[PDB]
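In what follows, a structure is listed as structure tokens, so that the remarks can point back to it.
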Amino acid sequence: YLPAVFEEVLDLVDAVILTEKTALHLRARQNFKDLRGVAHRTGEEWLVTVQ
Amino acid sequence: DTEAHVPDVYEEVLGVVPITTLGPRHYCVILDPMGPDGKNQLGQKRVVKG
């Protein structure tokens, strides 16, 4: 990704590893819609799994 | 699958496991085995013999 004139490049975040053995427990920092299309509030803690 | 696998750039080699073989008079209790889904059924234990 060629950075634009304005994009200050930060660290390269890698995708966490999610096997059925594990689930990522994360807290949303602010309102948004995830990749799956679910509205999340500013601190609602949910789980993302292989499903 | 492959008798000589090259460690891919997308793979990190955790280790190599020797085959665990049960004799004609033997059994082992596998802690945390997968089911058909290929997902680790932890806590369970499956006795395997024969």
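Chains: A, B, ... in order of the structure tokens. Residues: from 1 per chain. Ligands: from 1, in order shown.
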Using only C-alpha atoms, tabulate the residues of chain B lying at most 9 Å from any atom of chain A, each with its closest atom pair and that distance in Å to one decimal, by chain and increasing residue number, as JSON lines.
{"residue": "B:38", "atom": "CA", "partner": "A:20", "partner_atom": "CA", "distance": 8.6}
{"residue": "B:39", "atom": "CA", "partner": "A:20", "partner_atom": "CA", "distance": 5.6}
{"residue": "B:40", "atom": "CA", "partner": "A:21", "partner_atom": "CA", "distance": 6.0}
{"residue": "B:41", "atom": "CA", "partner": "A:21", "partner_atom": "CA", "distance": 8.2}
{"residue": "B:42", "atom": "CA", "partner": "A:21", "partner_atom": "CA", "distance": 8.2}
> What are the DSSP strand (DSSP E or B) residues of chain A, as a PyMOL selection string?
Replying inline: chain A and resi 24-27+32-33+39-40+45-48
Filtering to N, CA and C atoms, could you give me those residues as a PDB file, in the first residue's frame?
ATOM      1  N   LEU A  24     -11.113 -14.834  20.490  1.00  0.00           N
ATOM      2  CA  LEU A  24     -10.534 -13.533  20.792  1.00  0.00           C
ATOM      3  C   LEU A  24     -11.549 -12.707  21.568  1.00  0.00           C
ATOM      4  N   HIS A  25     -11.221 -12.396  22.817  1.00  0.00           N
ATOM      5  CA  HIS A  25     -12.058 -11.563  23.668  1.00  0.00           C
ATOM      6  C   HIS A  25     -11.543 -10.132  23.593  1.00  0.00           C
ATOM      7  N   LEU A  26     -12.316  -9.259  22.952  1.00  0.00           N
ATOM      8  CA  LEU A  26     -11.884  -7.890  22.719  1.00  0.00           C
ATOM      9  C   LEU A  26     -13.004  -6.939  23.113  1.00  0.00           C
ATOM     10  N   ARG A  27     -12.624  -5.702  23.412  1.00  0.00           N
ATOM     11  CA  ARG A  27     -13.564  -4.641  23.742  1.00  0.00           C
ATOM     12  C   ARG A  27     -13.498  -3.567  22.666  1.00  0.00           C
ATOM     13  N   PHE A  32     -18.959   1.483  15.924  1.00  0.00           N
ATOM     14  CA  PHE A  32     -18.531   1.131  14.577  1.00  0.00           C
ATOM     15  C   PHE A  32     -19.343  -0.083  14.146  1.00  0.00           C
ATOM     16  N   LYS A  33     -19.064  -0.563  12.937  1.00  0.00           N
ATOM     17  CA  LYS A  33     -19.635  -1.806  12.441  1.00  0.00           C
ATOM     18  C   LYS A  33     -18.495  -2.701  11.982  1.00  0.00           C
ATOM     19  N   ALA A  39     -23.364  -3.951  14.594  1.00  0.00           N
ATOM     20  CA  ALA A  39     -23.143  -2.726  15.345  1.00  0.00           C
ATOM     21  C   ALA A  39     -22.635  -3.050  16.747  1.00  0.00           C
ATOM     22  N   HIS A  40     -21.589  -2.335  17.155  1.00  0.00           N
ATOM     23  CA  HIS A  40     -20.988  -2.551  18.461  1.00  0.00           C
ATOM     24  C   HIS A  40     -20.852  -1.213  19.168  1.00  0.00           C
ATOM     25  N   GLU A  45     -18.131  -5.859  25.212  1.00  0.00           N
ATOM     26  CA  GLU A  45     -17.159  -6.925  25.039  1.00  0.00           C
ATOM     27  C   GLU A  45     -17.846  -8.178  24.515  1.00  0.00           C
ATOM     28  N   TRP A  46     -17.365  -8.665  23.375  1.00  0.00           N
ATOM     29  CA  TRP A  46     -17.946  -9.836  22.734  1.00  0.00           C
ATOM     30  C   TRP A  46     -16.811 -10.736  22.263  1.00  0.00           C
ATOM     31  N   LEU A  47     -17.182 -11.884  21.702  1.00  0.00           N
ATOM     32  CA  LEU A  47     -16.230 -12.884  21.247  1.00  0.00           C
ATOM     33  C   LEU A  47     -16.354 -13.088  19.745  1.00  0.00           C
ATOM     34  N   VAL A  48     -15.208 -13.201  19.080  1.00  0.00           N
ATOM     35  CA  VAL A  48     -15.136 -13.573  17.673  1.00  0.00           C
ATOM     36  C   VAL A  48     -14.450 -14.930  17.583  1.00  0.00           C
TER      37      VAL A  48
END
> Smallest atom-to-atom distance to residue 49 (chain B): which of B:18, B:7, B:24, B:35, using only C-alpha atoms?
Replying inline: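 Answer, going by the shortest atom-to-atom distance: B:24.
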